[PDB]
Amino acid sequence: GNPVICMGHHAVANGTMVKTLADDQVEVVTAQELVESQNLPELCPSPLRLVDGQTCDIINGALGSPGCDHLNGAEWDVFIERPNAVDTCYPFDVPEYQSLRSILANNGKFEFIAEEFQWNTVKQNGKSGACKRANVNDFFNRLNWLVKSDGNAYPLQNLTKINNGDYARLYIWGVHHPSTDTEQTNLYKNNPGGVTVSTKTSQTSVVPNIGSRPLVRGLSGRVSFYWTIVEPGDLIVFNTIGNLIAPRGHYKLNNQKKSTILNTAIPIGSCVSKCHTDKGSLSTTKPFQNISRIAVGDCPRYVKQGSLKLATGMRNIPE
């Protein structure tokens, strides 16, 4: 008979199902998964700079609570904050906590610059058994607890720090809250006390809270922490008739702030990756991931789907 030539295409025994606009189950010869659904059980310490807070969350790091000394001088792209972090110092709150946490994290460094504050006649360096350092009663190492003199004097304090440097300064300060009027007067003769902090374009007044409170770390007393950013050319004025927890200097702010924080228990390993989730680092080239919406660095985009297969071959029709 006459010769015959047939044109055709390849096939395999069993291909991969993909979706199209029309059909939702079409078999093709090859396909590639586009959703990353696997993570590493560790965080990669390179190429991004990670700082592990360990026992100390970022706020206690800034205040200088006991156990947070490894964080002095630290610089990070991503601060790794541990869910099992523990308080080690005086019972405290921060009225706009998340905002201060954001600022510290985003700034990306703990660079403290000590200054001499010439407090008048009041005694300095008050300590507590709720804040033991090396088994000895102590305090936040960035703060200076002021109380009245031995001759029962807590006069109006009034000092100024002038920013003539080339960087914005972050001052963290506090206000102590006794449990009774007697305690108030016993610590700072005046009642009420009061803290007033001002800059060129802002001024704040805090009136101390006095009331019985649950025992935290053995105490009913509290400190509330505040902060003031002082731009170059501006300055800060501290005023007190009592209850001030004074700063021992300021933290330096980077002009450009591009770091962040990641709260996770995942251990830091020895792998290489620029994408970190709260479940661990991703090591992938896929455009999407379904592991966590919490993702930092150079990451695939988070989606709800567990799988999306991209066809990389023709329809598979075996036999």
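Note that residue numbering begins at 1 and tracks the sequence as displayed.
- When the C-alpha B-factors of 63-71 and 271-279 are averaged, 63-71 comes out higher.
- The PDB entry records a higher mean C-alpha B factor for 17-25 than for its counterpart among 17-25 and 292-300.
- Out of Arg169, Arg133, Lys109, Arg142, the entry records its largest CA B-factor for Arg133.
- The PDB entry assigns its highest CA temperature factor, among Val230, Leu156, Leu100, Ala246, to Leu156.
- In the PDB entry, a CA B factor belonging to the lowest third of its chain's modelled residues is recorded for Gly8.
- For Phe92, the recorded CA temperature factor ranks within the middle third of the chain's modelled residues.
- Sorting the modelled residues of the chain by their CA temperature factor places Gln54 in the middle third.
- The PDB entry assigns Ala105 a C-alpha temperature factor belonging to the lowest third of its chain's modelled residues.
- The deposited CA B-factor of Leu215 belongs to the highest third of values across its chain.
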